[PDB]
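Below: the structure, in structure tokens.
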Amino acid sequence: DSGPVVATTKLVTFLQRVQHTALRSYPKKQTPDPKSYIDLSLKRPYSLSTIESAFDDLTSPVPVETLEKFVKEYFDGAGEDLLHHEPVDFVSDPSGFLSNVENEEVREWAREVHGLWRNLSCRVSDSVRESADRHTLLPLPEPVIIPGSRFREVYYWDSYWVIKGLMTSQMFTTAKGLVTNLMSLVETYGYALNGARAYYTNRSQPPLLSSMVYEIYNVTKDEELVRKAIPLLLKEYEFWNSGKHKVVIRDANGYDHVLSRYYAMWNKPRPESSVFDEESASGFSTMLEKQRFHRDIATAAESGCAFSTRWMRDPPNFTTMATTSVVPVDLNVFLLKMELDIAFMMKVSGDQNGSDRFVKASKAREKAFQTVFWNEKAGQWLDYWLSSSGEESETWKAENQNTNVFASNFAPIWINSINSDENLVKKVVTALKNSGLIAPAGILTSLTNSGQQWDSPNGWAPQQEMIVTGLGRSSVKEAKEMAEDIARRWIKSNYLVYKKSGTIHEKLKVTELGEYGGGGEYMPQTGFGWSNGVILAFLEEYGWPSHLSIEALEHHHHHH
Ligand SMILES: OC[C@H]1O[C@H](O[C@H]2O[C@H](CO)[C@@H](O)[C@H](O)[C@H]2O)[C@H](O)[C@@H](O)[C@@H]1O
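As structure tokens, then:
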């Protein structure tokens, strides 16, 4: 690759060696999660040089008993450097919490979901700050909310929907803390990392930071937060609008549309999945093909949706991942959101000429959505696949739109200039109604059952929320009806799942009421940050009447 690469740490490189040994030692019916080995930290007082030398003696297939003894002796385990934290603003039953939820069974369930913020609340241990080089966990200034289970660290875009839920939970200090943490990542690296781990320094994630700041500010009117956030949001904005992230698509009327793609600064196996990734690339002839494929994999991770037919050139063929060729609808929704957020914030802070720069920017991206992304026949917005490398501008071609149907195709409904357009909303409602994405438990993320997790039969919390929120803001009766119907489907199914398992799941199998989803490279995970956040946010928006059942026995097609 001629393209840019952010180096990793010697620790991460070493821990991949441990990972490879482990995935070879265990029987195929007991293979562990590879991520757990890159989350280890070095047990004092031994240096990395000492532990690597001892690992070399050990490996010079290691039996499972010998390997576990080695790992127990030289490492503190995964997550041991991430400490439980009692959130200062947590209250077991906040006054006025979900007062519009009059179904007492539902409100008590939501209180239990609210209670899970304590489980997800952590603080990076002091050991990390005093000797950061011994941990892959990154130091952070404030306590975090994590997604849960194997996601032993704060993630970027999950934090938005977590924050939406924290605001229902009346936890505005914890919410600001998340923003403070991500702001410190932008300060250090120039972008917000995929997550607060050493092996994520090479990529970002969908740019939700401005939206987090906006949603908090809209409640607390925290002017200091906005003032602190503006220069960091400007850094983030230039990051997405320069270098390999920026592409130019020229339309038939002569307008150059400046848009973004994902682009991880990495061209190797992801350390956290190093064994899986080396295997999946084993079939490529040249090193250059492998490096291109690895960049496309790590870019699909940067998309927040690893993995999906959405990023494959010949779906469902995983080896055809091609994420750096995709100008994605949802990424550019978030960048439109950033331009609107930053214009609002500079108006608030009293920078009128700055606010005009981003009004001009948002109108220009609004033009790009009408020309580059919209597809009138489909009634939705389509990812745009590049013909070339993205170095130089290219001319828009209708055949380069991905006509496959995804929940992300409806992401622009989240933007107020779109959901304010009655005629457009009507077309989108019809397209969503007729797409096949609306399933018993919510909105399918795609229509292809690939075995990947960001595909049918799964639906995902962030994707439900953006469509429900956007549709619910239009003045169109059919849209507000559709949003509430989807929100109650999603709530109900998550409750039915919880009634069985006592846990909230990462993703739902939305083709069936009350089933969680799976697929992909790791087992279904529970917690779960954005899933808790959307459950609570939907309940605050819609409530739940006392006489409306949440149980599976009743299946009304009429609402109350
Ligand atoms: O398996 C390694 C990958 O894990 C992550 O993908 C997850 O991270 C999400 C969103 O930010 C989770 O909350 C979500 O449910 C997963 O899809 C990570 O983001 C990737 O970088 C890792 O390669």
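Residues 70 to 129, 135 to 634 (PDB author numbering) make up the sequence shown, in order. Ideal Cβ positions, reconstructed from N, Cα and C, are used throughout, including at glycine.
Could you give the DSSP three-state label for residue i: helix, strand or coil?
i	result
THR577	coil
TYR590	strand
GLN475	strand
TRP231	coil
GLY222	strand
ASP126	helix
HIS319	helix
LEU405	helix
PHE144	helix
residue 22	Any question about residue 22 goes unanswered here, given that the chain covers just 70 to 634.
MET395	strand
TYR616	helix
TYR596	coil
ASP200	helix
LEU194	helix
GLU178	helix
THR469	strand
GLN454	strand
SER110	strand
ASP415	helix
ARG86	helix
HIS188	helix
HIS209	strand
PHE484	helix
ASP150	strand
Please report the distance separating the alpha-carbon of residue i from that of residue j.
i	j	result
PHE164	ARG192	8 Å
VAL349	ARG208	23 Å
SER491	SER377	24 Å
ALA472	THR294	45 Å
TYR288	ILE304	11 Å
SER122	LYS79	14 Å
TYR115	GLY72	36 Å
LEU410	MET419	14 Å
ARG271	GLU297	30 Å
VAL407	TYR148	46 Å
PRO101	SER549	51 Å
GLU176	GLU615	13 Å
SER359	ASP388	19 Å
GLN88	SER105	8 Å
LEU414	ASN427	14 Å
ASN483	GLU558	20 Å
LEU307	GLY592	35 Å
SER316	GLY153	36 Å
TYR95	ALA485	42 Å
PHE602	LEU111	28 Å
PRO215	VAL198	9 Å
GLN99	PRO137	13 Å
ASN255	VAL218	8 Å
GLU178	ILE609	16 Å
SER201	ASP155	7 Å
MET395	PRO619	46 Å
Assuming residue i contacts residue j under a Cβ cut-off of 8 Å, what Cβ separation, rounded to an integer in Å, is found between them?
i	j	result
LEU545	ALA535	That belief does not hold up - the Cβ atoms of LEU545 and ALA535 are roughly 16 Å apart, past 8 Å.
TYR572	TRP235	No, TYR572 and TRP235 are not in contact; Cβ-Cβ is about 17 Å, not under 8 Å.
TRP231	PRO280	4 Å
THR393	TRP385	With a Cβ gap of about 12 Å, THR393 and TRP385 do not count as contacting.
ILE541	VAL187	With 8 Å as the limit, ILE541 and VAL187 do not qualify as a contact, their Cβ atoms being about 21 Å apart.
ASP330	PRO343	Contact flag wrong, Cβ pair sits at about 36 Å.
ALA338	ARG369	6 Å
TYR311	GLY269	Contact doesn't hold; Cβ gap of about 21 Å is too wide.
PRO103	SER347	6 Å
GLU468	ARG324	7 Å
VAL300	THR247	The pair is not a contact, with the Cβ atoms about 17 Å apart (cut-off 8 Å).
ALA374	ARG277	Contact doesn't hold; Cβ gap of about 10 Å is too wide.
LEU282	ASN606	No, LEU282 and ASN606 are not in contact; Cβ-Cβ is about 17 Å, not under 8 Å.
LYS583	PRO531	5 Å
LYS250	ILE220	That belief does not hold up - the Cβ atoms of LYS250 and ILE220 are roughly 17 Å apart, past 8 Å.
Secondary structure, alpha helix (DSSP H): runs of 4+ residues fully inside the region 492-578 | 496-509, 535-547, 551-575
Can you give, in chain order, each stretch of the alpha helix (DSSP H) that sits fully within the region 328-362 and has at least 4 residues?
-> Runs found: 348-355.
Any chance you could list the alpha helix (DSSP H) runs of at least 4 consecutive residues sitting entirely within the region 232-317, in chain order?
-> Those alpha helix (DSSP H) runs which fall completely within the region 232-317 and span 4+ residues are 232-242, 246-263, 283-294, 297-314.
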